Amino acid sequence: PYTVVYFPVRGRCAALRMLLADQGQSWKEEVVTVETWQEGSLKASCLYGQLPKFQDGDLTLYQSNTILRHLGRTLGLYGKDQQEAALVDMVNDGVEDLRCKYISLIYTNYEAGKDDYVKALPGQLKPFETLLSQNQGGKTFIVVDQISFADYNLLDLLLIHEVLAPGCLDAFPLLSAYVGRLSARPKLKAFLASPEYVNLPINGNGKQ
């Protein structure tokens, strides 16, 4: 039913994969090697010439966040009403912004900018700690009483930053208990421990 076409890395597919796994959904991984990509055919066929590419039946989607919102809508991980939907988006857009900065660091200037980035990290993470503190004392999910696609995206963002800068969550008790709690969810826990996840690099240039 579901098919994700992507390079052999976690990157922009980690979140949607966690979502599918934690939601007990089944999907096909179509791995695209750098050689196959350099060939040019596939790329030229991609709407924006990039991956991931997602297939739900004959519905073909591009853009990682479009995929997340699509699954969020179809799997009921988008809040209970319009107001909640807006809050979920607000969280996901914030996650996306930080992911872009992370991606820029990793691929553009890991060596030179890693110091400043880590220094500015606390200020970038604080918003999510604040969101949690304003939602049932940070005991449930990021913004509503049920898990949303934004939670999976946030969870990944947090996991990869703990690798980039160990202990970055030590200053944020809600985020820490949040990561621990969500990572404990049965299907998600099993997935995160699987080779399918563990044996794929976070990024494509060996940096993390």
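Residue positions are given as counts along the sequence shown, with the first one as 1.
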Q: Would you tell me which stretch averages the higher CA B-factor in the PDB entry, 151-159 or 165-173?
A: 165-173
Q) With respect to the recorded C-alpha B factors, which stretch has the higher mean value, 11-19 or 182-190? A) 182-190
Q: Rank-wise, by C-alpha B-factor, drop residue 75 into the lowest, middle or highest third of its chain.
A: middle
Q.
Ranking every modelled residue in this chain by its Cα temperature factor as given in the entry, which third contains residue 111?
A. highest
(Q) Splitting the chain's C-alpha B-factors into thirds, which one does residue 36 fall into? (A) highest
Q: Relative to the other modelled residues of the same chain, rank the CA B-factor of residue 144 and answer lowest, middle or highest third.
A: highest
Q: Can you work out whether the C-alpha temperature factor of residue 93 puts it in the lowest, middle or highest third of the chain?
A: lowest
